[PDB]
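Visitor: 3D model of this:
(one chain, ligands or ions: 2)
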Amino acid sequence: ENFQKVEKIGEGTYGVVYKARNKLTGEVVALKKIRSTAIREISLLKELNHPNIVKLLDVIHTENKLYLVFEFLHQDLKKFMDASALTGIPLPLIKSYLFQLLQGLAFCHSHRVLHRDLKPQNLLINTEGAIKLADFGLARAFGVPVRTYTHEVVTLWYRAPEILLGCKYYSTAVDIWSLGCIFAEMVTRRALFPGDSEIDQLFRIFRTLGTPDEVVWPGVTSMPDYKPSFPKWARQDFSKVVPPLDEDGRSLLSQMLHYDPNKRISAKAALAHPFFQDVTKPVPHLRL
Ligand SMILES: Nc1ncnc2c1ncn2[C@@H]1O[C@H](COP(=O)(O)OP(=O)(O)OP(=O)(O)O)[C@@H](O)[C@H]1O
Ligand SMILES: [Mg+2]
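Guide: Numbering: from 1, shown residues only. Ligands and ions are numbered 1, 2, ... in the order given. Below you will find the coordinate block:
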């Protein structure tokens, strides 16, 4: 075809990602082979360009197969986090990454585009200290199946509680929740809420942040999947949840994990939090 397959980077919810070379340009790209309303909405993402969004270069619809051609980056944050686990990611780099991802979300949210499935494998990094949001807008266009293309289990670890409770019309707040979970994991070096079922995911959230009620989340007891029989756990201290982190960091995280999505901090407001007063742009040491 037009591309030389270099390797198979991975497999995910919708399809398989290849590293490939454009035989005509020499451009090295990521090619996602997937497996309509979806066509126009994916194609619209070609216009959603920002330095912290993986660039969607082209969409190809042929013989009932869908190909997305993406900017290639050499590593994802899950691999970087595993690689950094003995020592931890230094806080100035955690802060730079969080700041850049908040700029990306602020851009997307201002254009009324949700990610809805943020996770470490959807965050890509380069040698220059940049981090980029990948697969932005794909879930709205394809739905989110319960199992992935190759059999694999869908990760619930970063899912906002309003989604778990069956809210049909969730908002940009769901991306802030996910990024909060990722922030905490980068600090502690273990996932904050590693649920292995939807109810385990929910109850893990409840056992840390307390079972929500009408005081802290007006409307919660009327959500579709809310049950009065939910156990009532007390809330824990964030100093216990992400211990090493300073009070600026814990303050910001608490605002990104607010239960009530209407009160959860926006990306734009998060960028102004005092946590970022000394933000810089360090480079990671990447071994490629
Ligand atoms: N543009 C890209 N450049 C480099 N690697 C990429 C790129 N896009 C995806 N990858 C990597 O390829 C692998 C497969 O990605 P894929 O999107 O299919 O799965 P995922 O991110 O785990 O899940 P999901 O399908 O829900 O997005 C992952 O490790 C991902 O980080
Ligand atoms: Mg992905």
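Visitor: residue 170 in helix, strand or coil?
Guide: With DSSP: H, G, I helix; E, B strand; the rest coil as the basis, residue 170 sits in coil.
Visitor: cool, residue 159 as well?
Guide: Strictly by three-state DSSP, residue 159 counts as coil.
Visitor: burial measure for it, as a count.
Guide: 26 (other CB atoms under 10 Å). To be clear about C-beta, it is placed using only N, CA and C from the backbone, and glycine gets the same treatment.
Visitor: check contacts around it.
Guide: Shown in contact with residue 159 (CB atoms under 8 Å, 6 or more residues apart in numbering): 174, 177, 178, 201.
Visitor: same thing but 10 Å
Guide: 116-119, 144, 170, 174, 177-178, 181, 193, 195, 198, 201-202, 205 (CB atoms under 10 Å, 6 or more residues apart in numbering).
Visitor: may I ask which of these has the most neighbours?
Guide: residue 118 (27 neighbours).
Visitor: what about the helices in the chain?
Guide: All helices of the chain, identified by DSSP state H, fall at 37-44, 77-83, 91-110, 138-142, 161-164, 173-188, 198-209, 238-241, 247-256, 267-271.
Visitor: who are the packing partners of the fifth one?
Guide: When contacts are defined as 3 or more CB pairs under 10 Å, 6 or more residues apart in numbering; DSSP states H and E, helix 161-164 sits against helix 173-188, helix 198-209.
Visitor: ok, which of those helices comes nearest ligand 2?
Guide: helix 173-188 (12.9 Å; CB to the ion).
Visitor: among the helices of the chain, which is the most enclosed?
Guide: helix 173-188 (a mean of 24; mean count of other CB atoms under 10 Å).
Visitor: just the CA atoms of that helix, as CSV, please.
Guide: Included here for helix 173-188 are C-alpha records, laid out as CSV according to Å, rounded to 0.1, in the frame of the first residue of the first chain:
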residue,chain,number,x,y,z
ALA,A,173,-15.9,17.1,34.1
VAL,A,174,-15.3,13.4,33.3
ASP,A,175,-11.9,14.3,31.8
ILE,A,176,-10.9,16.3,34.8
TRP,A,177,-11.7,13.3,37.0
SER,A,178,-9.6,10.9,34.9
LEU,A,179,-6.7,13.3,34.9
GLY,A,180,-6.9,13.6,38.6
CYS,A,181,-6.6,9.8,38.9
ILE,A,182,-3.6,9.9,36.6
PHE,A,183,-2.0,12.8,38.6
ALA,A,184,-2.4,10.7,41.8
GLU,A,185,-0.9,7.6,40.2
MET,A,186,2.1,9.6,38.9
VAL,A,187,2.8,10.8,42.5
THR,A,188,2.2,7.5,44.4
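Visitor: is it in proximity to ligand 2?
Guide: No - Helix 173-188 stays clear of ligand 2 (CB under 5 Å from the ion), getting no nearer than 12.9 Å.
Visitor: can you report how many residues neighbour residue 62?
Guide: Per other CB under 10 Å, the neighbour tally for residue 62 reads 8.
Visitor: of the contacts of residue 159, which is the nearest to ligand 1?
Guide: residue 117 (5.4 Å; CB to the nearest ligand atom).
Visitor: ok, residue 244 - contacts?
Guide: 88, 91, 187, 188, 189.
Visitor: and what of residue 113?
Guide: 41, 44, 45, 48, 53, 105, 107, 136, 137, 140, 172, 175.
Visitor: try it again at 7 Å.
Guide: 48, 136, 137 (CB atoms under 7 Å, 6 or more residues apart in numbering).
Visitor: of all the residues you listed, which comes closest to residue 17?
Guide: residue 136 (15.0 Å; CB to CB).
Visitor: from residue 214, how far off is the residue lying closest to the closest one once chain neighbours are set aside?
Guide: The spatially closest residue to residue 136, leaving aside those adjacent along the chain, is residue 115, at 5.2 Å (CB to CB, 6 or more residues apart in numbering). In this view, residue 115 and residue 214 are 29 Å apart by CB to CB, to the nearest Å.
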